[PDB]
Each structure stands twice: as structure tokens, then as C-alpha cells.
Amino acid sequence: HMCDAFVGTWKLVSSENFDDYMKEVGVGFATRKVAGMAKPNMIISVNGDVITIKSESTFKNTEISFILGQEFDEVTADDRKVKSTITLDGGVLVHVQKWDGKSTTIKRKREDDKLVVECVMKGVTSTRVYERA
Ligand SMILES: Cn1nc(CSc2ccc(Cl)cc2)cc1O
């Protein structure tokens, strides 16, 4: 019910430090270049307890479906095989991905009419701002 503020179709309007985030994650040069060019839409829906987040771009369409607090396997757009858990903490969707003894966290929050996505890998944060399509 509260997760309703996230539901809809969103379009990327700005990005900061995404290349640096991808470097910290271990993404190679060619994938960074093509992924960094993408202007994805993010489509979020809910059906009962199941949340679906789709990312659609010229680089790589992805779709994850999950229940809050319940681990799932995810193949990321850059082809990492990760174990993911997504929870809703104080109104923020918090997505933790674990692989090869590493961890990254993606937070999605509503701020004004934006959906702000913060991606953190060690000390490196990328901020990506989406608005309604
Ligand atoms: C935060 N984020 N992630 C994507 C998918 S593309 C992607 C590429 C490389 C990495 Cl490391 C993560 C994601 C699009 C977007 O706004």
C-alpha cells in the first residue's frame, strides 16, 4: 500500500558518477561505455506481495520479481550472478546484491516528483534521477 508511490513508468533524467560506480563494481570498459549511454525507463508494479521492477533500454532489458525480505537470484545487466534481497526500510526500497564476497546496495526513494536511485559500491555512490514518463 505504501509501495504504491513507486508504481508506474519512470524515465531517467540525470546521472552522476555512474561510470565510477561501475568501475568499482568491476564492469569492463566496453560494457561501461554502452551501459553509461543508456537512458532507461524503469517500470515498477505490484501484484499482491510480488513487486516487479523492469528496466528497459537500448543496452539491456531486465526484469526482477520478488517478495520483500526474501532472497532471490538475479543476473544483472552487466552479467553478474548475484544473490539479492530487497526490503522496505522507512519508505526506501533497499536492494542488496552479493556475489564473489562483494556487496553493493541500490536504494530507491521518492523525493518530490522524482524517484531517486542511489547505487553504492564501497565508498563510491552514483545518483540517478528518474521522473514519471
Ligand atoms: C542504477 N541503474 N542500473 C541500471 C541497469 S545498467 C547497470 C549496469 C552496470 C551496473 Cl554495475 C549496474 C547496472 C540502470 C540504472 O538506473
Side-chain angles (χ1 to χ4, degrees):
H1 252 282
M2 179 268 159
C3 231
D4 285 0
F6 292 103
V7 163
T9 303
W10 301 89
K11 54 176 190 271
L12 184 71
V13 300
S14 68
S15 185
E16 42 191 284
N17 303 297
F18 191 55
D19 190 64
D20 289 334
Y21 168 79
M22 288 190 287
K23 282 183 173 176
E24 208 69 3
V25 168
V27 183
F29 178 90
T31 299
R32 288 202 315 281
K33 297 302 105 175
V34 177
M37 284 289 294
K39 293 291 196 155
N41 300 144
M42 180 175 44
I43 310 88
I44 303 176
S45 60
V46 181
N47 183 325
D49 292 334
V50 183
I51 303 167
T52 300
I53 302 176
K54 293 177 79 165
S55 315
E56 296 186 343
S57 72
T58 65
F59 167 57
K60 194 81 55 179
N61 306 308
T62 64
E63 179 178 336
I64 59 169
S65 294
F66 58 90
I67 296 173
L68 297 167
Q70 301 197 0
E71 185 163 58
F72 61 98
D73 287 311
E74 174 181 10
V75 178
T76 67
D78 61 307
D79 288 328
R80 285 171 290 126
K81 283 59 69 167
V82 309
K83 288 192 181 300
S84 291
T85 311
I86 301 177
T87 58
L88 190 52
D89 302 330
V92 174
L93 279 172
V94 182
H95 181 178
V96 183
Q97 295 179 332
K98 301 299 194 186
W99 80 106
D100 296 338
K102 302 171 181 160
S103 187
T104 188
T105 298
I106 304 161
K107 290 185 182 184
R108 298 172 175 91
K109 61 194 56 138
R110 279 295 307 276
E111 290 183 21
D112 304 314
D113 285 323
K114 301 159 159 36
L115 192 166
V116 180
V117 184
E118 290 171 356
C119 306
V120 178
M121 176 68 182
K122 295 142 90 184
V124 179
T125 303
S126 174
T127 299
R128 282 163 74 86
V129 178
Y130 292 75
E131 285 181 16
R132 295 219 185 249

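Just so you know, these numbers use all the heavy atoms, side chains as well, and skip hydrogens, waters and symmetry mates. Numbers here are sequence positions counted from 1.
Heavy-atom minimum distance, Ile106 versus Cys119: CG2-SG, 4.1 Å. Considering all non-hydrogen atoms of both residues, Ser126 and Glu16 come closest at OG-O, 2.8 Å. When all heavy atoms are compared, the tightest approach of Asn17 to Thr125 is CB-O, 3.4 Å. In plain terms, the two heavy atoms of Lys98 and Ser103 that are nearest each other are NZ-OG, 2.8 Å. Looking at every heavy atom in both residues, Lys11 comes nearest to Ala133 through NZ-CA, 3.8 Å. Between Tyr21 and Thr104, the shortest heavy-atom contact is OH-OG1, 2.7 Å.
Note on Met37 and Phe18: separate hydrophobic clusters, where clusters join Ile, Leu, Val, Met, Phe, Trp and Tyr whose side-chain heavy atoms are under 4.5 Å apart, directly or indirectly. One hydrophobic cluster holds both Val96 and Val92 under the rule that ILVMFWY side chains link at heavy-atom gaps under 4.5 Å. Hydrophobic clustering (side-chain heavy atoms under 4.5 Å, transitive across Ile, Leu, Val, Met, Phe, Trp, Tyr) groups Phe72 together with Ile53. No chain of hydrophobic side-chain contacts below 4.5 Å, direct or via other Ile, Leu, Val, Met, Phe, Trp or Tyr residues, connects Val129 to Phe6.
Atom CE in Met121 sits 6.0 Å away from atom NZ in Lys102 (nearest 0.5 Å). Taken to the nearest 0.5 Å, the OG1 atom of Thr9 stands 9.0 Å off from the NZ atom of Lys54. Note that CZ of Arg108 is 8.0 Å distant from CG of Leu115, once rounded to the nearest 0.5 Å. Note that NZ of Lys33 and CZ of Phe59 are 12.5 Å apart. Values are rounded to the nearest 0.5 Å.
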Donor-acceptor list for residues 60-70 side chains, cut-off 3.5 Å, not counting sequence neighbours:
from, atom 1, to, atom 2, distance (Å)
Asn61, OD1, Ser57, N, 3.3
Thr62, OG1, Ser55, OG, 3.3
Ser65, OG, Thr52, OG1, 2.8

Extract all donor-acceptor atom pairs below 3.5 Å that involve side chains of residues 77-89 and protein atoms in other chains or at least two apart in sequence.
from, atom 1, to, atom 2, distance (Å)
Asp78, OD1, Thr76, OG1, 2.7
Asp78, OD1, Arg80, NE, 3.4
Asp78, OD1, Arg80, NH2, 2.9
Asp78, OD2, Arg80, NE, 2.7
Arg80, NH1, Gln97, OE1, 3.1
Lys81, NZ, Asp79, O, 2.8
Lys83, NZ, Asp73, OD1, 2.8
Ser84, OG, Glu74, OE1, 2.6
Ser84, OG, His95, NE2, 3.3
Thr87, OG1, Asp89, OD1, 3.4
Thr87, OG1, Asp89, OD2, 2.9

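Inter-residue side-chain proximity for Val117 and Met42 is flagged as met; some heavy-atom pair is nearer than 4.5 Å.
Not a single donor-acceptor pair under 3.5 Å links the side chain of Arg32 to the backbone N or O of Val34.
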